């Protein structure tokens, strides 16, 4: 598209993104962010997709210290396709463009990465991202003052038996 950005970096790797529109601005953000934090974002998107158990088994935990399977159940429930679609449909053109640009810029970095700044190169979970994945992250953060604090409790909620 009009995916174009000019990026300047000052001391300590702080990026300064200039673009003529939101798509280009997102493109520069997603690219600069991937250079420093591709593995981090990939891991957190795995979490917010409810795919931790698929890549890591049930023994591990998310960076929020939830067990992988309870975490996956919670995020599968939170980030259902109907919820992501409703959220997307409610977004302004500018915001949609920011998100489209970010996914594209992140993916451009991933296409070119040779491990210079990417310790998880070659892992099967290090994958091109979609705008839906950024909506998954957004919604994960959105509920951190709410149902996110009750993720274990939601998973544990089962009706009484014969006791």
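Positions refer to the first chain, counted from 1.
*Asks:* Can you let me know which of the two, 36 to 44 or 109 to 117, has the higher average C-alpha B-factor in the entry?
*Replies:* Comparing 36 to 44 with 109 to 117, the higher mean C-alpha B-factor belongs to 109 to 117.
*Asks:* Grab the CA temperature factor for residue 58 from the record and place it in the lowest, middle or highest third of its chain.
*Replies:* It belongs to the highest third of the chain when residues are ordered by C-alpha B-factor.
*Asks:* Ranking every modelled residue in this chain by its Cα temperature factor as given in the entry, which third contains residue 66?
*Replies:* It belongs to the middle third of the chain when residues are ordered by C-alpha B-factor.
*Asks:* Using the B-factors in the PDB entry, rank residue 11's C-alpha atom against the chain and give the third, lowest, middle or highest.
*Replies:* Highest third - that is where residue 11 ends up once the chain's C-alpha B-factors are sorted.
*Asks:* Going by what the PDB entry lists, where does residue 23 fall on CA B-factor within its chain: lowest, middle or highest third?
*Replies:* For residue 23, the deposited C-alpha B-factor lands in the highest third.
*Asks:* Could you say whether, by C-alpha temperature factor, residue 49 belongs to the lowest, middle or highest third of its chain?
*Replies:* For residue 49, the deposited C-alpha B-factor lands in the lowest third.
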